[PDB]
Amino acid sequence: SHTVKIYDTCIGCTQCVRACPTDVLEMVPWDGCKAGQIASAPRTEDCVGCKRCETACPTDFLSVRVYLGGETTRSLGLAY
Amino acid sequence: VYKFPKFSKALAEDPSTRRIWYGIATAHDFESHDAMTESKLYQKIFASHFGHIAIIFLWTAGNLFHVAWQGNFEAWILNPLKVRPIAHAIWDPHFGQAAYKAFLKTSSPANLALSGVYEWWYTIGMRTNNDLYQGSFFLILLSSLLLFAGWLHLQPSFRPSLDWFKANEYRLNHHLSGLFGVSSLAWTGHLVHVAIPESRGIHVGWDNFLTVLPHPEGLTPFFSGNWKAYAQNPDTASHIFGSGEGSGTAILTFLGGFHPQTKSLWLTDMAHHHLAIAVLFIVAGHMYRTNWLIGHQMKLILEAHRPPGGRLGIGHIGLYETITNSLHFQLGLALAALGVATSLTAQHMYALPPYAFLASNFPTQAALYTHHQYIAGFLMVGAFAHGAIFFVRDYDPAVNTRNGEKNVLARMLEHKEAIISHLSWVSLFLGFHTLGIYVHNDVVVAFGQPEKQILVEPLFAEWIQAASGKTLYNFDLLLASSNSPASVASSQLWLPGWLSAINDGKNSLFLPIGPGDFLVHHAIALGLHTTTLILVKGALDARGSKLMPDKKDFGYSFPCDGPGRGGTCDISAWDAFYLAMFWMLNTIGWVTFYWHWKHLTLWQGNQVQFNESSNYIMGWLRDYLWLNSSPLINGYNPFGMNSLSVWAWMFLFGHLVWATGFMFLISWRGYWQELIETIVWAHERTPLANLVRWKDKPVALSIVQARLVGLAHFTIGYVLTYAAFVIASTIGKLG
Amino acid sequence: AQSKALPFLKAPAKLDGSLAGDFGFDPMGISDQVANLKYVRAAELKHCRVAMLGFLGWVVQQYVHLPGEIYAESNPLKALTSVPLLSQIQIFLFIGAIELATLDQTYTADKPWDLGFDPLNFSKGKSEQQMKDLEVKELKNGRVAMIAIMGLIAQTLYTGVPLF
Amino acid sequence: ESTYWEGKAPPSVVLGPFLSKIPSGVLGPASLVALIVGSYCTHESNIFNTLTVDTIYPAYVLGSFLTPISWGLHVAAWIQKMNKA
Amino acid sequence: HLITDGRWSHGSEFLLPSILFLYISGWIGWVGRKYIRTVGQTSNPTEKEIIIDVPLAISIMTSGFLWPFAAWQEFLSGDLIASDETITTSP
Amino acid sequence: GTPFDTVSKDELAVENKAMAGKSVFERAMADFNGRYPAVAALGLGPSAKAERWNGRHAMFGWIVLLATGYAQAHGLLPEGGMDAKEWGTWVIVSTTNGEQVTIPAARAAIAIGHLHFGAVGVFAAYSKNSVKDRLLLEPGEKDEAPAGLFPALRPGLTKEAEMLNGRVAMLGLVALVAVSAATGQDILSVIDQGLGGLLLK
Amino acid sequence: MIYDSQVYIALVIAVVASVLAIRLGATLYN
Ligand code: CLA
Ligand code: CLA
Ligand code: CLA
Ligand SMILES: CC(/C=C/C=C(C)/C=C/[C@@]12O[C@]1(C)C[C@@H](O)CC2(C)C)=C\C=C\C=C(C)\C=C\C=C(C)\C=C\[C@@]12O[C@]1(C)C[C@@H](O)CC2(C)C
Ligand SMILES: CC(/C=C/C=C(C)/C=C/[C@@]12O[C@]1(C)C[C@@H](O)CC2(C)C)=C\C=C\C=C(C)\C=C\C=C(C)\C=C\[C@@]12O[C@]1(C)C[C@@H](O)CC2(C)C
Ligand SMILES: CC(/C=C/C=C(C)/C=C/[C@@]12O[C@]1(C)C[C@@H](O)CC2(C)C)=C\C=C\C=C(C)\C=C\C=C(C)\C=C\[C@@]12O[C@]1(C)C[C@@H](O)CC2(C)C
Ligand SMILES: CC1=C(/C=C/C(C)=C/C=C/C(C)=C/C=C/C=C(C)/C=C/C=C(C)/C=C/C2=C(C)CCCC2(C)C)C(C)(C)CCC1
Ligand code: SF4
């Protein structure tokens, strides 16, 4: 499964979570930004690696980073 | 679906066919394997080196055995200029009677030998098919030795530690002195003892070598210091190679130039060369410090080399630990040196043929030059790729930095933009203007007015030729003058031989050059600069850029960073290697095209055809490719076939593999995953085939794998089609 | 200092005490690279035994020959080529059969030179001091034979006189 | 140890424990003498008299080797002079 | 055949055309750089690059005949080269 | 060389006390089985199953060699060479001067007979569930126990009898090849000499 | 022309080099 990391440059704009096609990211409470929220990656087993999450990231060099790793039938997007 | 990639658990859990594909392509990346330590890494690399040397020796033994068994070496000895060497016999059940008849040579269908091994083995003193068999036997014994050593050094009590592997001074002392100097000394011993008398008709085998004196005085002049005695009475100008007629007694001489009969370097010249090289390397092998308190510690040498004014930063202080702890830095250095060395071999074995009767073997000359230049390009690209790998995974900025200031290597990443910008400027400059002059000549000649061509005389290169003694450009410079101190100094040692060879129209020694040579050399410079630009950009930008300031966290080879930020196709350092492979192939193609056309015109005699038509592109296309491709394509026609039929088949095969590479390069993934899904549905929903199901889920090749496969097809097709063309054209044009 | 053979040098670290025949003779420090002295002692003893047998065979072939004609050559180096290849290949196959089991044995055992060869039981009942003395005798004789067999080969290759 | 340097001249340890103790007043004149001798040997083996098989003269050859050496001797002489030696 | 080693005897083959091109190309580069730096200090620098300020463009273009002198009067004042406001990648 | 250790103390050989005693045959078998599993588990290599099968084949082949000698002596074994026009250029052996020496027809016929027998063997190999004695070992099956230096003297159609006769036949083939190589005659010539003359008569 | 004995023993020696190769191959692990 791929690896997804969140960095404290998160501004809690939720654009990553609402762009994930496989429900990998979610918004959790935080105290490091104005919005009081930070993205989390608790379901990386469903991560497919499409990187839509970081295409919607407005922070300078990203706050969500996807590191491709071992492959799985879920991560390979295999309907068969 | 398990246990194949034993070295990687991440791959072994892949349910798709990607596991099998990636298991092959990651088998030799030992540093990325599961449960990996440095000691195991060095030990496995050591054993793999032993197995590799064993493979090389087995390959040489096979060549020797097949020349001894199915060749015509003995017949070729008596008539080297008319008998065509045979590589090995052919047994192919698909042959028709016509193919058998056409490939029939003596007793069985056989392949002509284009490796030049006949001339090489004849020069070093082999005259019998039993001498080759002895060499094959000995080489198989050596292969057995190396395999036993490789097995032994994986045993518990014989596995070397990291300190032994990283002992730089000991390895350098031994490699230099022992390997280079002592191997040169032993080669001089063989050259003299066996080769020198065998060229003079005296047989020196493994029986009468302790009783046949290589020199009549017999080691007396060496100890007495009368070393001139070994140079007295050299081979005359009427000496027949392999016979005592017109021979001499000298063993170490300066003669320069070539043998008047074989048109190759004097055997006594090469023995003296190897003796001098042996002495020099044995001396140089005592430089570094070992257990006897004298020598050099290279850490101190590197650290002490900081310019006092200060322009290289802190100097080379951190380079010792950087190189020692990285196997990719050393691999890149070795590959760059090997690439330069084999480029040197290619450029010198045609200008200064070292083997008897090899100058008149035009197909083998072309094959050898092309082979070595392609190997050179491969080695250079590998050196740069491993430099990029070192940047990605082995480079440590802390080691190469002292109190903010950066050392000589870390400073290469500070002006990396300057380096890349100036490489780009040079590439654009050369490309723009070389293409401009070529297209100007194209248009001007096409319009029927060739006098308006832009033809620049290569005066700088002709100046060098005159400096070495060529009296063809009326420069009267250094050795073209009989009064210059450069000429008076060697007027009694090697000028008469050298001048007689450089000032000869039948040699390849310093071929006469004109405007076509100028333009093609500028094309070669453009190719070199662009390949260097791609490779250097990939190496320096390997650790990150503006589009990906964390590229080092993704490794040397990864597909992309996604469609975000405008698109990040081919952003990894591996992709820079992948792109530079095309430019290396193009540059080597230009070099080999130039060499082959120049030598085809020289051998055929119509050197005016090259000097006139080489200044414009259509000249190349019409007079090299279209003209010399006629014998090759008529290797088989609706009327018959020739022994060149295999070369035409290889020509078409190379074109096919090239275009399949085009498939794998133009069409990307995603289009092949959906098609594979449709095929999967079709297989799953059809009777009589539902009984058979795959264990690994069939998926499309990964992006990086697809790039590799397309590059492999491109390169294999390129090499095969050009080898077929050059060989068949030379054979069919020059008899 | 600690070398008995070279009373002035100090021996290397691995040359001490046990492993009879230890006279501190390792000026080049070869023992510093080997992990232990087991394999090098096994190789030295194999060379010692082969050289003893070679010297004995050299002298006997000088004086005594088998009844057949093929064994009538007096010069051992000339007999190397005069003797039919069948005899030499049989000898080589016998040696290799002895050598493969000991190949499995040598690289792992604590006493690779101890092949268990004692048909006459010359060591049964001997004390430790007597056993060490026997080992010293064997090593001495073997080193002298090695020097001697190399000298015989050199003098036969250089003068043609196989003895004296 | 610590051959690394950033001042005006490197420490004398970079010369080895044989040249580290030579006074600069010895190395300097020795370097000049070696350079002159090597240049003369080179100009006597060649240039002034053309080389021949019968005329090699190990003195001139060995001599000529003092020219490359001279370079090192005067570099060491400067290093010693700047290090108050 | 063109003799481009540098000798003035065959100076009309390469050297004089070389000087002519260097003058013309320096003119082009100088006027382009001057226009870029001039409209780079206005409210909408990007707009003035697709829609050229033809008056200012004509003003700058005819002023390029002094490009060798202007270049060796701006390099002396340090106005030709940036120093450290230029951006650099991560390594 | 001196300031470091070439071999680390953590990587040292340990004497395998598990092979104490264990005569060279048992030691070799254990070393082969431990070093090369999944081919030892199949019964391949120095195994009793492989030895039994090879002994059976050696006995049958002594019979085949006798039959071949008889056929050569008694005017059988067709004469001439194969027809290159009929069987392609792959049957051509050499072309000395304008004539094509082809594979002898006798060699082709003998190869066809050997192909018959080898096909029977291949069928029996891919017929494991219907044959009395399989070729390879089933997972779990354990190799019959080595017979030793001398198998039990049990006359008749016994496992020991077949074992002993297979060993004898394989040794006979080894001796036959050794005699042919050392002396230099044909294999059938050696068999003829070793039968007095009653084969090629 | 080399004899049958010359080719045969070269083949036998090649076999020995093959057994040494698999031993190195198996020692470099699966
Ligand atoms: C005298 C002792 C000696 C000798 C002969 C060798 C020999 C060798 N060692 Mg080695 N080694 C030694 C001592 C020695 N070593 C010591 C003491 C150490 C420990 C410090 C090591 C540690 C060591 C390691 C760790 C490894 C080796 C390896 C090798 C092999 C290299 C591959 C090969 O075949 O190259 C053959 C090369 C040649 C015959 C010569 C090459 C000729 C060059 C290319 C031409 C250059 C000419 C010229 C300069 C070209 C430029 C033109 C000029 C104008 C500039 C080679 C057999 C490697 C190997 O493969 O292991 C099996 C390896 O991995 N050694
Ligand atoms: C002695 C030289 C040498 C050595 C020791 C290495 C060693 C290494 N290289 Mg390297 N390399 C070299 C030369 C060398 N290379 C050269 C010359 C190039 C330029 C072409 C490269 C380019 C290169 C790249 C781009 C990469 C490596 C990588 C690696 C590492 C893993 C290798 C691997 O996984 O193999 C895998 C082996 C294969 C996939 C087999 C490929 C076989 C090719 C396709 C040819 C087979 C087709 C054949 C010709 C069939 C003929 C067709 C017929 C019809 C005629 C390893 C440390 C990789 C790495 O991760 O390094 C850390 C990596 O990404 N190297
Ligand atoms: C007109 C302004 C201008 C100036 C002063 C420069 C100056 C430079 N460029 Mg450059 N460039 C320009 C426009 C300009 N460029 C444009 C429009 C492009 C897009 C095609 C490029 C693409 C480009 C590349 C790809 C590279 C450079 C490089 C360079 C440097 C080396 C010179 C060179 O290789 O020329 C390159 C020149 C060209 C490739 C042709 C430029 C096209 C025309 C002639 C320029 C445009 C004229 C413009 C419309 C005039 C309008 C002004 C008017 C309204 C007043 C140098 C800093 C190289 C570098 O970094 O080396 C250090 C390099 O690799 N440039
Ligand atoms: C053979 C030998 C020892 C053999 C011992 C054997 C086999 C013992 C085997 C057993 O004990 C075991 C293992 C185990 C027991 O349970 C069973 C037996 C079987 C009992 C020693 C030779 C030892 C041989 C030695 C030391 C030889 C020294 C030779 C010298 C000095 C020669 C010098 C010369 O040859 C040159 C150099 C040049 C010539 O020209 C001049 C001269 C002078 C002739
Ligand atoms: C001698 C032999 C093996 C000898 C092995 C030895 C000494 C091993 C010794 C070691 O293990 C120890 C002791 C200890 C180890 O630590 C070390 C070593 C040293 C490794 C095998 C012969 C093996 C001989 C064999 C297997 C013969 C097979 C013959 C067959 C199958 C018959 C075939 C035919 O019938 C056909 C097919 C068709 C007919 O036309 C033709 C024929 C040929 C007649
Ligand atoms: C067993 C054998 C053949 C067995 C054949 C069988 C079972 C055939 C069974 C059949 O069902 C088939 C298959 C097919 C049916 O249509 C026919 C029958 C018949 C029904 C041959 C052995 C053949 C055995 C031979 C040839 C043995 C040769 C031995 C030699 C030379 C020994 C030499 C030595 O003994 C000395 C001299 C001295 C010692 O110290 C050293 C050595 C070397 C050991
Ligand atoms: C990336 C990288 C890398 C790589 C790199 C490379 C690959 C490089 C290449 C390089 C090269 C490839 C170089 C080359 C060089 C060359 C030279 C440097 C030459 C010189 C020459 C000379 C000097 C000569 C001279 C002369 C003359 C001219 C005449 C004759 C005589 C004489 C000799 C005098 C590494 C890994 C390291 C690291 C990391 C980074
Ligand atoms: S890849 Fe990016 S987008 Fe696709 S799931 Fe994993 S996180 Fe969400």
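The deposited coordinates, according to the entry record, derive from cryo-EM at 3.02 Å resolution.

The PDB entry lists chain B under the name Photosystem I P700 chlorophyll a apoprotein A2, from Nannochloropsis oceanica strain IMET1. Here chain B is described in UniProt, under the heading Subcellular location (unreviewed entry), as follows: "Plastid, Chloroplast thylakoid membrane".

A. A look at the overall build of chain G. Within chain G, the regular secondary structure consists of 1 helix and 0 strands. Taken over the C-alpha atoms alone, chain G extends approximately 40 × 10 × 10 Å along its principal axes.

B. Broad picture of the packing of helix α2 (residues 24-45) of chain D against helix α4 (residues 66-82) of chain D. Residue and element names in this part refer to chain D. At their nearest, the axes of α2 and α4 sit 8 Å apart, and the two run at 165° to each other. Here α2 is positioned roughly antiparallel relative to α4, judged by the angle of their axes. For the element pair α2 and α4, the recorded crossing hand is left-handed. Two secondary-structure elements touch here, α2 through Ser-24, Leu-27, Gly-28, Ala-30, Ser-31, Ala-34, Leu-35, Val-37, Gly-38, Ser-39 and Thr-42 and α4 through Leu-66, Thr-67, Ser-70, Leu-73, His-74, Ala-76, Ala-77, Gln-80 and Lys-81. Grouping the amino acids of the contact of α2 with α4 by side-chain chemistry returns 9 nonpolar, 10 polar and 1 charged.

C. Broad picture of the site of ligand 1. Residues and elements named next belong to chain B. In the vicinity of ligand 1, 15 residues are found, and the nearest of them are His-49, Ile-53, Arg-171, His-174 and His-175. Within the side chain of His-49, a nitrogen or oxygen atom sits 2.4 Å from an oxygen atom of ligand 1. Between ligand 1 and the protein, one listed contact pairs a nitrogen atom with a side-chain N or O atom of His-175 at 3.2 Å. Secondary structure elements with two or more residues in the shell around ligand 1: α3 (38-70), α8 (162-165) and α9 (168-199). Ranked by residues supplied to the shell around ligand 1, first place goes to α9 with 7 residues.

D. Structural view of the UniProt feature "binding site: chlorophyll a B1" (unreviewed entry) in chain B. When the UniProt feature table is mapped onto this chain, "binding site: chlorophyll a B1" (unreviewed entry) is found at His-655 of chain B. By the secondary structure assignment, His-655 of chain B is in helix α24 (residues 645-666).

E. Spatial organisation of the site of ligand 8. The environment of ligand 8 is made up of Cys-20, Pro-21, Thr-22, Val-24, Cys-47, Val-48, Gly-49, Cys-50, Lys-51, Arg-52, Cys-53 and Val-66 of chain A. Each residue belonging to the shell around ligand 8 can be placed in one class, and the counts come to 8 nonpolar, 2 polar and 2 charged.

F. Geometry of the environment of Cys-16 of chain A. All names here are of chain A. In this fold, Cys-16 is placed in the loop between β1 (3-6) and β2 (26-29). Residue classification places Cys-16 among the buried positions, given a relative accessible area of 9%. When the C-alpha atoms of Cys-16 and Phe-61 are compared, they prove to be 14 Å apart, with 45 residues separating the residues in sequence. Ignoring any residue separated from it by four or fewer positions in sequence, one finds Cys-16 in contact with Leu-25, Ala-39, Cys-53, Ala-56 and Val-64.

G. Structural context of the interface of chain B and chain F. Counting residues at the interface gives 24 residues for chain B, matched by 20 residues for chain F. Taken together, the two surfaces of chain B and chain F that pack against each other cover about 1,700 Å², and 53% of this comes from carbon and sulfur. Considering only the surface of chain B that becomes buried against chain F, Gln-97, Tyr-100 and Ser-157 of chain B emerge as the three largest contributors, covering 27% of it. The tally of links between chain B and chain F comes to 0 salt bridges. Sorting the residues of the side of chain B that touches chain F by element identifies α3, α5 (97-103) and α8 of chain B as the ones contributing at least two each.

H. Layout of the state of the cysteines. The tally for this structure, following the rule as stated, stands at 0 disulfides over all chains. Here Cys-16 of chain A is not disulfide-linked; the sulfur of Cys-53 of chain A is the nearest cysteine sulfur, at 6.4 Å. No disulfide involves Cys-560 of chain B; its nearest neighbouring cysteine sulfur is the one of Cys-569 of chain B, lying 7.1 Å away.

I. Broad picture of the sheet that holds strand β1 (residues 86-89) of chain B. Residue and element names in this part refer to chain B. Pairing is antiparallel in the open sheet, where 3 strands are placed in the order β1-β3-β2. The strands lining the two open edges of the sheet, one partner per strand, are β1 and β2 (104-105). Note that β1 and strand β3 (residues 108-112) share 3 bridges and pair antiparallel. Bridging across to β3, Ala-89 finds its partner in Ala-110.

J. Representation of the side chain of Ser-326 of chain B. Among the secondary structure elements, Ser-326 of chain B is positioned in the loop between α13 (319-324) and α14 (327-351). Leave out the neighbours within four places in its chain, and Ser-326 of chain B touches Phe-390 and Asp-394 of chain B.

K. Molecular detail of the pattern of salt bridges. Within this structure, the stated rule accounts for 44 salt bridges over all chains. The salt bridge partner of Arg-707 of chain B is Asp-570 of chain B, with a shortest N-O separation of 3.2 Å. Residue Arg-707 of chain B is found in helix α26 (residues 703-733), and its partner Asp-570 of chain B is found in the loop between α20 (515-540) and α21 (573-604); the two are separated by 137 residues along the sequence. Judged by its relative accessible area of 8%, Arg-707 of chain B is buried. Measuring nitrogen to oxygen at the nearest pair gives 3.0 Å for the salt bridge that ties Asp-5 of chain F to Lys-9 of chain F.

L. View of a nonpolar patch on the surface. Side chains of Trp-292, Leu-293 and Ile-294 of chain B together with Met-28 and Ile-30 of chain C sit close together on the surface and give an oily, nonpolar patch of about 630 Å² of accessible area. Mapped onto the elements, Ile-30 of chain C comes out in the segment before α1 (38-63).

M. Highlighting helix α1 (residues 15-39) of chain E. All names here are of chain E. For α1, which comprises 25 residues, the first-to-last C-alpha distance of 36 Å matches the rise-based estimate of 36 Å (1.5 Å per residue) to within 8%. Along α1, the residues that are buried comprise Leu-15, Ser-18, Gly-26, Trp-30, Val-31, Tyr-35 and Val-39. Looking at the packing, one finds that the buried side of α1 touches α2 (47-50), α3 (54-61) and α4 (67-74).

N. Spatial organisation of unusual backbone geometry. Phi is positive for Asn-233 of chain B, which is not a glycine, with a value near 60°. Structurally, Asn-233 of chain B can be placed in the loop between α10 (220-224) and α11 (267-284). The backbone of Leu-19 of chain C shows a phi angle near 60°, a positive value even though the residue is not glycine. When you line up the elements, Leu-19 of chain C lands in the segment before α1.

O. Structural context of helix α3 (residues 85-106) of chain C. Residues and elements named next belong to chain C. Look at α3: 30 Å from first C-alpha to last across 22 residues, which is about the 32 Å you get at 1.5 Å a residue. At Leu-100, α3 shows its largest kink, close to 25°. Where α3 is concerned, the buried positions are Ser-87, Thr-102 and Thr-106. Of the surrounding elements, those touching the buried residues of α3 are α1.

P. Structural view of the arrangement of the chains. Interchain contacts are distributed over 9 pairs of chains, and the most extensive set of them lies between chains B and F. The least C-alpha distance between chain A and chain C, which are not in contact, is 40 Å. Regarding chain E and chain F, the two do not touch, and the least distance separating their C-alpha atoms is 36 Å.

Q. Focus on the packing of aromatic side chains. Per the counting criterion, the structure on display carries 67 aromatic pairs over all chains. Relative to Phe-558 of chain B, the ring of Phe-554 of chain B lies with its centre 5.5 Å away and its plane at 50°, an arrangement referred to as tilted. Given a relative accessible area of 14%, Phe-554 of chain B falls into the buried group. Considering the side-chain rings of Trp-583 of chain B and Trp-590 of chain B, the 6.2 Å spacing of their centres and the 90° angle between planes classify their relative orientation as edge-to-face. Looking at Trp-583 of chain B, the relative accessible area reads 26%, which means it is partly exposed. Given a relative accessible area of 29%, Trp-590 of chain B falls into the partly exposed group. Of note, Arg-56 of chain F hangs over the ring of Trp-53 of chain F, and the distance from its end group to the ring centre comes to 4.5 Å.

R. Quick look at the interface of chain B and chain E. Listed per partner, the contact involves 16 residues of chain B and 10 residues of chain E. Of the roughly 1,200 Å² buried at the junction of chain B and chain E (both faces included), carbon and sulfur atoms supply 64%. Viewed at the interface, chain E and chain B are joined by 6 residue pairs in polar contact. Its residues assigned to classes, the side of chain B that touches chain E shows 9 nonpolar, 2 polar and 5 charged.

Criteria and thresholds
- Residues numbered from 1 in each chain as written, not as in the entry; some residues may be left out.
- Chains lettered and ligands numbered in written order.
- Part of a larger assembly, values for the part shown.
- Heavy atoms only, no water.
- Residues with missing side-chain atoms left out of burial classes, pairs and counts.
- UniProt positions renumbered as here; feature names shortened; annotations may be inferred.
- Helix = DSSP H or I, 4+ residues; strand = E, 2+ residues; numbered from the N terminus.
- Axes fitted to C-alpha atoms, helices over the stretch in contact; angles between N-to-C directions.
- Parallel < 35°, antiparallel > 145°, perpendicular 65-115°, else oblique.
- Left-handed = near helix turned anticlockwise from the far one by under 90°.
- Contact = heavy atoms within 4.5 Å.
- Nonpolar A, V, L, I, M, F, W, Y, C, P; charged D, E, K, R; others polar.
- Near = heavy atom within 4 Å.
- Polar contact = N/O pair within 3.5 Å; in protein donor to acceptor, adjacent residues only side chain to side chain.
- Buried < 20%, exposed > 50% of the residue type's maximum accessible area, 1.4 Å probe, protein only.
- Buried area = accessible area lost by both parts, 1.4 Å probe.
- Salt bridge = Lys/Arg side-chain N within 4 Å of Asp/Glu carboxyl O.
- Disulfide = S-S within 2.5 Å.
- Pairing = 2+ DSSP bridges.
- Patch = residues over 30% accessible without salt bridge, like charges linked within 9 Å, V, L, I, M, F, W, Y side chains within 5 Å.
- Areas by Shrake-Rupley, 256 points an atom, 1.4 Å probe, with all protein chains shown as cover.
- Expected span 1.5 Å × (residues − 1).
- Bend = angle between axes of the 7 residues up to and from the residue.
- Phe/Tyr/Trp six-rings, centres within 6.5 Å; stacked < 30°, edge-to-face > 60°.
- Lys NZ or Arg CZ within 6 Å of the ring centre and 35° of its normal.

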